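Next comes just one chain, in structure tokens: the form deposited in one PDB entry.
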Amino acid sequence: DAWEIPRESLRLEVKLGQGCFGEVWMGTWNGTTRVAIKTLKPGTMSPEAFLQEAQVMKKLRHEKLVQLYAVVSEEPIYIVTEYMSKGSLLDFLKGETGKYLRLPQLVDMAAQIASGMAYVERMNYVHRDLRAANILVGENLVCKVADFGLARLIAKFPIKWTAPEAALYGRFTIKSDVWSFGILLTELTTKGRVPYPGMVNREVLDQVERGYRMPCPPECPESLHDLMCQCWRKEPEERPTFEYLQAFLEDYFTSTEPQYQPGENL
């Protein structure tokens, strides 16, 4: 309906891997436009709930969110979006290009993510699965938010990324996305290391409820660590908005750290 395209117009060329809720390919639409195609494996806990992500992606349109191109609603179900040339941000940070990424690039990538989540904030949506694994990198270090299957109006809650009030009581708000953003900032500043090193899930929930927070990563400024701790307030109402986070991260090297100097890793 309005978005559906003939199956013959697509050509699945190179397989990219098993992405979020489905198998992702690098294809070509109408022999002219390079695209990305997610396929549903039949029977795997999804009839048209696989199409629930494309249902949300039709309403949410923003330059920092992966844009929906088309959809094939007859099995096998295809979801066609734009192609992000660099892949997952987590793989990008762990990968070859991650070595040379310094704080200026990593803060800008975060500002792009805060800008995308600021649009989600204005649209009264909640992401519920914000992390480096669900953010795609394109050309010129363009970062875009992905995985809108759990997105709703106002991989189930990994404890290390989810706000404790959302993991425990199901209170998923935009402030629980700000908590996840603070965790993502540790992924950026640590070249994509898993948060809370050496701790299992139930140990993270007990420690975080006792007030434990991850310390300042090495070579990370205290000002950026303070922004993480604000994203990790126990009370969600006192956690910053994404409009503030975006404006903060864009002006970071003028208004916050004008005497920044590059180090070994950051």
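Here, rigid core means the biggest group of C-alpha atoms that superpose within 1.5 Å across both forms. One rule holds for the numbers: they count along the sequence shown, beginning at 1. Residues that one form lacks are left out of the comparison.
One more form of this protein, deposited in another entry, exists but is not displayed; see below.
Residue shifts between this form and the one not shown, rigid core superposed: of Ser223, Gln207, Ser46, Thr241, the only C-alpha displaced by 2 Å or more belongs to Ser46. Relative to the superposed rigid core, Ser255 undergoes a CA displacement smaller than 2 Å between this form and the one not shown. Segments of at least three consecutive residues in which every Cα is displaced by 2 Å or more between this form and the one not shown, once the core is aligned, are found at 18-22, 42-47.
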